[PDB]
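In: next input, structure requested:
(chains A and B, ligands or ions: 2)
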Amino acid sequence: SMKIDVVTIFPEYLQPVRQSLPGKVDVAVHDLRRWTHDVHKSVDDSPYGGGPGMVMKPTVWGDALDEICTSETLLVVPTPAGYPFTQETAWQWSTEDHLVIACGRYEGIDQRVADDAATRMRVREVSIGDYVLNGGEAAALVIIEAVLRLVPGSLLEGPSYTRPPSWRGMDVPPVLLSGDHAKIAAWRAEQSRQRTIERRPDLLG
Amino acid sequence: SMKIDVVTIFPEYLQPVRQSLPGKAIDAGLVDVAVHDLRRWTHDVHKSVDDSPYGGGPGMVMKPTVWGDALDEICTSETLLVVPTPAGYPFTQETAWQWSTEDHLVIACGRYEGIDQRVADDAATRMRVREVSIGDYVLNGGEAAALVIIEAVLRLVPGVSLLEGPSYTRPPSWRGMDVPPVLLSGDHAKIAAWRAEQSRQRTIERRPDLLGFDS
Ligand SMILES: Nc1ccccc1-c1cnco1
Ligand SMILES: Nc1ccccc1-c1cnco1
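Out: Numbers count the residues shown, from 1 in each chain, chains lettered A, B, ... in the order given. Ligands and ions are numbered 1, 2, ... in the order given. This is the structure:
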């Protein structure tokens, strides 16, 4: 049984993932503006030390996490400056009772929010890849998907084929129709080797 | 002006593209994003898009016939066909910059155990095709990757190294935690330096690979 709370100023981004799950795991989405202070519902402010963009306010985020998090919570913060989120990470988090995902803008959440939370609960700042998003919402979607599909409920993969055996002048590799399953395995292994060399030589060292 | 077509068996799942950066870009007319139900190109009553794999293995493979018809209608020779897949070349910031100047992106979202390889092979005889991974984690399908790609690319469209260090804003003291004094000093040189040192610490600790170190 896993509970996921997402906090975001774009709550509608996450509805189409909440309404996708089967046997209700529970996924709840919260509008950050619930915890604003002022009639203007301000969530960000100018960065100390100058610079472009805006930093998300610690007083707002602090109130939101205070309400939603407990000592058992794993607080996940998608950020370009995060540790890499991997399948290993997904496996670890799949056994957790409570994930809270804090979605911020690219510019960031005041660092004191995470630092303060970390004195009471486990906090994980994570990046899903080396590209820049405008905010953490899309990364939250990726994390939610990768984690939840592992909830009870190396080399690259090579090419796959299905019917028909011949399509637009291209035949399915005859070995796959051979009924020689040791040979098929060996062929697939060689396809995986070639593809890993070509596309992901980093995986080979 | 850019056109993005997304083809998926879950068109409703691509509706998050309607807010945030992408939504604003669409509203401002800098991009048009159209989502297509793959099952529109089926002809049987059960609208079957998948079948069991040749050679054996777990799960199902998406049929080339349906994809071929869909891509025939949506793509031209100028199209950049994007296929998210765990076995793809890495999608990076460099890729996002490159695709940001494209006139037409078509994103094919796969489900089950993948799309028959001949779909990509056939398309490549007629247009540029890019199979890409957005990271080494396993998704159920290409839909979430499409959303990531769209966001990363659209924020670079005209009109729309080292890790970033910590950022701070008001108030200067919060829960007994103070903003680093150097940031309040207005000394642009000392601030630039502190920020450089923070990023170094963070990059070495979290992403040593960026600086050419192990793990
Ligand atoms: N660029 C970002 C901006 C804001 C929140 C997360 C990210 C992110 C996470 N992984 C890659 O990018
Ligand atoms: N795992 C997947 C399954 C289907 C379509 C894309 C992916 C993917 C791409 N990059 C990471 O995951």
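In: buried set for the longest helix seen in chain A?
Out: The helix that spans the most residues within chain A, counting by DSSP state H, is helix A:181-199. By 16 or more other Cβ atoms under 10 Å in any protein chain shown, the buried positions in helix A:181-199 come out as A:184, A:187-188, A:191-192, A:195-196, A:199. (Each C-beta comes from the backbone N, C-alpha and C, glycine too.)
In: now for the helix or strand residue A:146 falls within, which elements pack on it?
Out: Assigned by DSSP states H and E, residue A:146 belongs to helix A:137-148. Helices and strands touching helix A:137-148, by 3 or more Cβ pairs under 8 Å, 6 or more residues apart in numbering or on different chains; DSSP states H and E, are strand A:3-8, helix A:11-18, strand A:74-84, helix A:87-93, strand A:98-102, strand A:122-127, helix B:143-154.
In: deepest of those, which one?
Out: Highest mean neighbour count among those (mean count of other Cβ atoms under 10 Å in any protein chain shown): helix B:143-154, with a mean of 26.
In: and which of the buried residues of helix A:181-199 is nearest ligand 2?
Out: Using Cβ to the nearest ligand atom, residue A:199 is the member of the buried residues of helix A:181-199 that sits closest to ligand 2, with 11.9 Å.
In: which residue, other than its chain neighbours, is closest to the closest one?
Out: Distance criterion Cβ to Cβ, 6 or more residues apart in numbering or on different chains; nearest residue to residue A:199, sequence neighbours excluded, is residue B:89 at 4.9 Å.
In: show me what contacts the one you found?
Out: By Cβ atoms under 8 Å, 6 or more residues apart in numbering or on different chains, the contact list for residue B:89 reads A:199-200, B:130-133.
In: let's have those in JSON lines, adding distance to ligand 2.
Out: Output for the contacts of residue B:89, formatted as JSON lines (distance: Cβ to the nearest ligand atom, whole Å):
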{"residue": "A:199", "distance to ligand 2": "12"}
{"residue": "A:200", "distance to ligand 2": "11"}
{"residue": "B:130", "distance to ligand 2": "12"}
{"residue": "B:131", "distance to ligand 2": "9"}
{"residue": "B:132", "distance to ligand 2": "7"}
{"residue": "B:133", "distance to ligand 2": "4"}
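In: next one: residue A:72 from ligand 1, what distance?
Out: Using Cβ to the nearest ligand atom, to the nearest Å, residue A:72 is found at 25 Å from ligand 1.
In: likewise for residue A:80?
Out: Taking Cβ to the nearest ligand atom, one finds residue A:80 at 4 Å from ligand 1.
In: for ligand 1, what are the nearby residues on chain A?
Out: Neighbours of ligand 1 within chain A, by Cβ under 6 Å from any ligand atom: A:78-80, A:106, A:127-129, A:132-133, A:135-136, A:139.
In: of all pairs in those, which one spans the longest distance?
Out: A:129 and A:135 (14.6 Å; Cβ to Cβ).
In: report the angle between the longest helix of chain A and strand B:128-133.
Out: On the basis of axes from the mean of the first three to the mean of the last three Cα atoms, to 10 degrees, helix A:181-199 is oriented at 100 degrees to strand B:128-133.
In: could you export helix A:181-199 as PDB, CA atoms only?
Out: Only the C-alpha atoms of helix A:181-199 are listed here, as PDB (Å, rounded to 0.1, in the frame of the first residue of the first chain):
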ATOM      1  CA  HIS A 181      15.400 -21.500 -29.500                       C
ATOM      2  CA  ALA A 182      19.000 -21.700 -28.400                       C
ATOM      3  CA  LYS A 183      20.000 -20.100 -31.700                       C
ATOM      4  CA  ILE A 184      17.300 -17.400 -31.400                       C
ATOM      5  CA  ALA A 185      18.700 -16.500 -27.900                       C
ATOM      6  CA  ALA A 186      22.200 -16.200 -29.400                       C
ATOM      7  CA  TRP A 187      20.900 -14.100 -32.300                       C
ATOM      8  CA  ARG A 188      19.100 -11.700 -29.900                       C
ATOM      9  CA  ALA A 189      22.200 -11.400 -27.700                       C
ATOM     10  CA  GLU A 190      24.300 -10.400 -30.800                       C
ATOM     11  CA  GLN A 191      21.600  -7.900 -31.800                       C
ATOM     12  CA  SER A 192      21.700  -6.500 -28.300                       C
ATOM     13  CA  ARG A 193      25.500  -6.200 -28.400                       C
ATOM     14  CA  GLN A 194      25.500  -4.400 -31.700                       C
ATOM     15  CA  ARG A 195      22.700  -2.000 -30.700                       C
ATOM     16  CA  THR A 196      24.400  -1.200 -27.300                       C
ATOM     17  CA  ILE A 197      27.700  -0.500 -29.100                       C
ATOM     18  CA  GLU A 198      26.000   1.800 -31.600                       C
ATOM     19  CA  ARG A 199      23.600   3.700 -29.300                       C
END
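In: how far out from the middle of the chain is that helix?
Out: The chain centre lies 29 Å from the centre of helix A:181-199; the measure is Cα atoms, centre = their mean, to the nearest Å.
In: what do you get for stretch A:198-205?
Out: Taking mean C-alpha positions (Cα atoms, centre = their mean), stretch A:198-205 and its chain are 23 Å apart.
In: same thing with stretch A:72-84?
Out: 9 Å.
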